[PDB]
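Peer 1: Okay, here's the structure, questions in a sec.
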Amino acid sequence: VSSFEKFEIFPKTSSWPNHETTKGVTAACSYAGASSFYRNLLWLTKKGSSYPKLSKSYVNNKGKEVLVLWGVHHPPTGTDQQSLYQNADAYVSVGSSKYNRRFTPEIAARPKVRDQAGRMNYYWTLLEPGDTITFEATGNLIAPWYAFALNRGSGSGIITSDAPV
Amino acid sequence: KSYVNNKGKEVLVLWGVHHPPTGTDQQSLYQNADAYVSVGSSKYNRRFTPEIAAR
């Protein structure tokens, strides 16, 4: 990939009216001494007490591949599940024309990594010129916020080096 | 059960998960019709179910 165009696939301030999009946010993604989160994904929590089925679709009209990234949260014994997403029996489903996977919360307490005892899984898929991608979820979705239109070329690729630029 | 690796080297841990045939046997061994087995470390993490099935 020799270039891309980042774009906001589901704008944060416009996409999620009946879900909570603001706070949080974790200590583990701290920016300048305050809790934060990834710039390119959105941790959607329940808007006081309810978390209805969301269904967002996006159609790839960029005329090139779109890289979409998202996450699925697995809270520790929750409680936390209930306190974030309400729905004890929640699911997250992502499908396109090609790809298709169904994720569950997997309530499980794990050795604290960055003071955190839940885990978050990260996924990606390349959406082909033309295709639709549908997200359906009743909790645990770390929704995409920004995504990438890819340009393939001979500007490929990746090195590890400590030489100065 | 938890174990902390203080050997100052890698520890290989092995375990099993049983899938009984139509049980009954499940009930007769483990009581809990709706049982689960969860193993996690800092790196690894998997959740197993009985998969009652006669083979």
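Residues are referred to by chain and number: the chain letter is A, B, ... according to the order shown in the structure tokens, the number counts from 1 in that chain, and ligands are numbered separately from 1 in the order shown.
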Leaving out range 18-26 of chain B and any residue of its chain fewer than 5 positions from it, which residues lie within 12 Å of it when counting only C-alpha atoms, given as a PyMOL selection string?
Peer 2: chain B and resi 31-37+48-55
Peer 1: Atoms to include: C-alpha atoms. Write the selected residues as a compact mmCIF listing (two decimals), in the first residue's frame.
Peer 2:
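Dumped everything to selection-v4.txt:
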```
# COMPACT_ATOMS: atom_id res chain seq x y z
CA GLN B 31 -23.89 -32.05 37.47
CA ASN B 32 -23.97 -28.75 35.58
CA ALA B 33 -25.84 -29.27 32.29
CA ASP B 34 -24.68 -25.75 31.32
CA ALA B 35 -20.99 -25.88 32.25
CA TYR B 36 -17.99 -24.08 30.82
CA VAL B 37 -14.18 -24.12 31.13
CA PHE B 48 -14.60 -24.16 26.23
CA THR B 49 -18.04 -25.77 26.40
CA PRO B 50 -19.11 -29.35 26.90
CA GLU B 51 -20.11 -30.46 23.46
CA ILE B 52 -22.42 -33.30 24.29
CA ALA B 53 -22.10 -35.49 21.21
CA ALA B 54 -21.89 -39.24 20.62
CA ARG B 55 -19.02 -40.15 18.34
```
Peer 1: Just want the 10 Å neighbourhood of residue 106 in chain A, counted on only C-alpha atoms, with same-chain residues fewer than 5 positions away dropped. Output as a CSV table (one decimal) with N, CA and C atoms, in the first residue's frame.
Peer 2:
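Saved file selection14.csv follows:
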```csv
chain,number,residue,atom,x,y,z
A,72,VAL,N,-14.3,-5.8,19.6
A,72,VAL,CA,-15.3,-6.4,20.4
A,72,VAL,C,-14.8,-6.5,21.8
A,73,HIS,N,-15.5,-6.0,22.8
A,73,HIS,CA,-15.1,-6.0,24.2
A,73,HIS,C,-15.5,-7.3,24.9
A,74,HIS,N,-14.6,-7.8,25.7
A,74,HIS,CA,-15.0,-8.9,26.7
A,74,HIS,C,-14.6,-8.3,28.1
A,75,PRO,N,-15.7,-7.9,28.8
A,75,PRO,CA,-15.6,-7.4,30.2
A,75,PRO,C,-15.2,-8.5,31.1
A,76,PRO,N,-14.6,-8.1,32.4
A,76,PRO,CA,-14.4,-9.2,33.4
A,76,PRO,C,-15.7,-9.5,34.0
A,77,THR,N,-15.8,-10.4,35.0
A,77,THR,CA,-17.1,-10.6,35.5
A,77,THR,C,-17.9,-9.3,35.6
A,81,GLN,N,-20.5,-5.9,32.3
A,81,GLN,CA,-21.2,-6.1,31.0
A,81,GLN,C,-22.5,-5.3,31.1
A,90,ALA,N,-25.9,-10.4,24.8
A,90,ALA,CA,-25.6,-9.5,23.7
A,90,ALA,C,-24.7,-10.2,22.7
A,91,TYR,N,-24.7,-9.7,21.4
A,91,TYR,CA,-24.0,-10.3,20.3
A,91,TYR,C,-23.5,-9.1,19.4
A,118,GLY,N,-10.4,-7.0,31.8
A,118,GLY,CA,-11.2,-7.3,30.6
A,118,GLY,C,-10.2,-7.4,29.4
A,119,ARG,N,-10.7,-7.8,28.3
A,119,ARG,CA,-9.8,-7.8,27.1
A,119,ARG,C,-10.7,-7.3,25.9
A,140,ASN,N,-21.0,-4.6,23.5
A,140,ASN,CA,-19.6,-5.0,23.3
A,140,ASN,C,-19.0,-4.5,22.0
B,38,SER,N,-12.9,-22.1,31.3
B,38,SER,CA,-12.2,-21.0,30.9
B,38,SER,C,-10.7,-20.9,31.3
B,46,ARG,N,-9.0,-18.7,26.3
B,46,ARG,CA,-10.0,-19.5,25.5
B,46,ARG,C,-11.1,-20.0,26.5
B,47,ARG,N,-12.3,-20.1,25.9
B,47,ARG,CA,-13.5,-20.5,26.6
B,47,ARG,C,-14.1,-21.8,26.0
```
Peer 1: Give me, as a ChimeraX atom specification, the residues of chain B that a backbone DSSP run labels helix (DSSP H, G or I).
Peer 2: /B:25-30
Peer 1: Any idea which chain A residues end up within 7 Å of chain B if we count only C-alpha atoms, as number ranges by chain please?
Peer 2: A: 110-111, 113
Peer 1: Which residues in chain B does DSSP call strand (DSSP E or B)? List them as a list in words.
Peer 2: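 Filtering chain B to strand (DSSP E or B) leaves residues 37, 38, 39, 40, 45, 46, 47 and 48 of chain B.
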Peer 1: Could you name the residues that touch range 23-34 of chain A at 6 Å or less, counting only C-alpha atoms, but leaving out those on the same chain fewer than 2 positions away, as a PyMOL selection string?
Peer 2: chain A and resi 36-37+114
Peer 1: For residue 141 in chain A, list every protein, DNA or RNA residue within 8 Å, evaluated using only C-alpha atoms, and leave out those in the same chain fewer than 3 positions away; present the list as a ChimeraX atom specification.
Peer 2: /A:43-44,70-73,92,137-138
Peer 1: Using only C-alpha atoms, determine which residues lie at most 6 Å from range 146-154 of chain A, disregarding the query and same-chain residues fewer than 2 positions distant; provide the list as a list in words.
Peer 2: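 So, after excluding close chain neighbours, the residues are residues 1, 2, 3, 4, 5, 6, 7, 8, 9, 40, 65, 66, 67, 68 and 156 of chain A.
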Peer 1: Between CA of residue 83 in chain A and CA of residue 21 in chain A, what is the distance in Å, rounded to a tenth?
Peer 2: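 Interatomic distance here is 14.9 Å.
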